[PDB]
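A single chain, nothing else alongside it, follows as structure tokens in the form solved without this ligand.
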């Protein structure tokens, strides 16, 4: 397939070819144009706070070691020995000054440097140039209020610019709240879906909630429960949708601070978020303080998603076109009481973890939609994302980005796939920029 010319995503992101969720050649091409080029979530400060602390993470199909250095910085390296290619680290987290390879015993520092080679003097003499044999380093590692992302492409925009207009929406919770911590370890489960299936669902799909999650809403004892079986549609400006240049986007459900949580948490959370909002009104204004305590369903392009308030944090780790390894963490506000932190973390896993009853509602949807993308008669069919098209705005006085001023729509799908097409058909960041110089105009056509 010629990715330079193939229209995988139609103009304005109105539709996508179904094969994008099943074609293995395209999957391999995404490894290059999506995963090796863009910013990918690694970890949180709260998980590697001290010198020597490390975790392993996936970046696309690659595995990296992410290590807190002595100077307080974080560096990340391919988890592959520079000698004969053995996987260096076999655990998920720990604390260490270095890593020794179990094959021939080469020793690398937490800074990636090759520090020791057994019997160096006797075997290699002075022939070994250790300075050139450090672990392959992830070119770029940056933080957004403690959330650490990596990118293999030195040419990428800074993480903050990459978040584009989505940053404004995340800041009340990620920054002005006093900061979040990530509660690990994550749940980990393999699903037979393409990574884009959950990514698109989290970035801008509020339409499915009442029907897909009918049973969870009804049984669950949560604030959004009026939606069960599409018994009721959200109100007026019950919310909005937004998207950005580099693909990230989210839905906003005003005031839904208790999110998916069960009644055993609704009163406590609604008190806690309202109390903080009251304080934030004076610091960041009423609109932004309200955003803080509003439920955001967001995907940070390409494959990191989250539900703020509910506290769900996901990584859709790609395996192949119909296989994804789902990592699920909980996010909590640092200033919450520690007993609340605990209960919230369990509730996140209770609803969206490995045995997450809400998550289970979504699985068949994600799996079959992905798998149908391989079926002969469906490969060239069009998946639709036109809901709300021609009603989006750009450059609003209050809410930035390409915005749909309604709770339910497909605005965020269109922006996610506008960015995805631009990447799949581009050989580098410059080309992506060239292909994106009229991104908002493209998204708001007919309006």
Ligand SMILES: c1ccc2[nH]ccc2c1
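Residue numbers count along the first chain shown, from 1.
One more form of this protein, deposited with this ligand bound, exists but is not displayed; see below.
**Q** Mind telling me which stretch in 140-148, 183-191, 240-248, 291-299 gets its heavy atoms within 4.5 Å of this ligand in the entry with it bound?
**A** Only one stretch qualifies here: 291-299.
**Q** Evaluate residue 202 for contact with this ligand in the entry with it bound, applying a 4.5 angstroms cut-off between non-hydrogen atoms, and reply yes or no.
**A** So residue 202 counts as contacting this ligand.
**Q** So in the entry with it bound, is this ligand close enough to residue 334 to count as touching (4.5 Å, heavy atoms)?
**A** Close contact is absent here: in the entry with it bound, residue 334 is far from this ligand, nothing within 4.5 Å, heavy atoms only.
**Q** Using the partner position in the entry with it bound, report whether residue 321 sits within 4.5 Å of this ligand, counting heavy atoms only.
**A** Residue 321: no contact with this ligand in the entry with it bound.
**Q** Would you please decide whether residue 208 lies within 4.5 angstroms of this ligand in the entry with it bound, comparing each non-hydrogen atom pair?
**A** Close contact exists here: in the entry with it bound, residue 208 approaches this ligand to within 4.5 Å, heavy atoms only.
**Q** Which one of 173, 74, 163, 253 is close to this ligand in the entry with it bound, taking close to mean a heavy atom within 4.5 Å?
**A** So the residue touching this ligand in the entry with it bound, by this definition, is 253.
**Q** Counting any non-hydrogen atom inside 4.5 Å, which residue from 89, 315, 223, 307 sits next to this ligand in the entry with it bound?
**A** By the 4.5 Å criterion, the partner-contacting residue is 307.
**Q** For the stretch 7-28, return the residues whose heavy atoms include at least one within 4.5 Å of this ligand in the entry with it bound, in the order they occur.
**A** Going through 7-28 in order - heavy atoms within 4.5 Å of this ligand in the entry with it bound - there are no hits.
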